[PDB]
């Protein structure tokens, strides 16, 4: 298929469907007619799109963990515990990493070995191997909406199965589930395959079935500047809306400075809505998700609660629709059900301790919002220019030319030139600009902020500071101050 930012026709999509369903035998379980009726029988309380509308209506932040294991009954018991003992508001099913490379052979071996060992040897739930039947068992066993959370460049078959499975949200996008997760997939290919995933949701919406989509904001989780993160999320929202998506949650990963983070989430929501309406998408319901600190965690569990709950406070005051919960096991391994419930309980307690509270506007907030919107607009403007009006083609070219560049992204299609680092108040800034297309004024502000850190620490800003910042939270603080 050629890549263009244009809704697939029904015939185009159907032809791709027939190919995709053949990629594993559980594809035969997918019947779109039957799935529409199944989906429409789900109660609103178990529909992710509808519960997001409710959360917005009520001015509530909802909490959602990460969770998944190889075996179906074990996965179900886990989610029920997060629901009942943790008090989760939304449930995930974190998909294993073999599924994410379409290696269902390795998933199957992992299922068998997990059975034999009495414990999960996979780092998630192999949704394609469990099929529509297995995915429905999960949904039927719980009492909250379900969402696939993963990191998959080619998620077409997974999307078919989990949506026919009654899971009413799918996380990802053609940039955010490529560059942080893959080394060898072209941007064009992952954009095309994510157009499929968006178009499937577009089909369902056309039949009256509401299904949420969540571009993955945090990307590599590692010092991602707000304007670059937000440029990705806005782009993925626009590309999804073109295929017919109507309920979108845009996301952001915590950087740690409360005013920068609130600025970032507010800019993200405001510019997502602005861009959607400017491009004629006038019926899209936008929500936000804030991810608690996606960098390295301290090993000490008490210190981990310090990160979890400060993160939550920032989310709450930002007016996030959703917050993704970290646990006291984060530095060590996939949390037990108890550790995860602990993180969810700490989070919800913090949210309820802050009911209705929002950060009021200040000069500082206004200033940082102007900075983020200007930086973001520079990037998006250049993308539209490179694509001669077509944002999908603009995205491919932006990656090729370093205009879009994600810190630490393993993809060989990522330039790897731009380098981030914190300023003296812990705001993430641009240390090396690469080919990111900012004005000198914009670059100047970044350098001015960073020079304050050089003066305070008595060392030049540098890659050693970047290293220091990568380790800082695991070592007990936000900013990687000297020894």
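Positions refer to the first chain, counted from 1.
**Q** Decide which of the stretches 469-477 and 10-18 has the higher mean C-alpha B-factor, going by the entry.
**A** Higher mean C-alpha B-factor in the PDB entry: 10-18.
**Q** According to the deposited model, is the average Cα temperature factor higher in 176-184 or in 380-388?
**A** It is 380-388 that shows the higher mean C-alpha B-factor.
**Q** Can you tell me which of 306, 92, 134, 226 has the highest Cα temperature factor in the record?
**A** Highest CA B-factor of the listed options: 134.
**Q** Name the residue from 118, 202, 221, 233 with the greatest C-alpha temperature factor listed in the entry.
**A** Largest recorded C-alpha B-factor: 118.
**Q** Taking the chain's C-alpha temperature factors as the reference, tell me which third residue 65 falls into: lowest, middle or highest.
**A** It belongs to the middle third of the chain when residues are ordered by C-alpha B-factor.
**Q** Quick check for you: using the entry's CA B-factors within this chain, is residue 401 in the lowest, middle or highest third?
**A** According to the entry, residue 401 has a C-alpha B-factor in the chain's middle third.
**Q** Consider only the C-alpha atoms of the modelled residues in this chain, order them by B-factor as the entry records it, and name the third containing residue 432: lowest, middle or highest.
**A** Ranked within chain, residue 432 CA B lands in the middle tercile.
**Q** Sorting the chain's CA B-factors, does residue 129 end up in the lowest, middle or highest third?
**A** Residue 129: CA B-factor falls in the middle third of its chain.
**Q** Going by the recorded CA B-factors, say which third of the chain residue 105 sits in, lowest, middle or highest.
**A** Within its chain, residue 105 is a highest-third residue by C-alpha B-factor, going by the deposited values.
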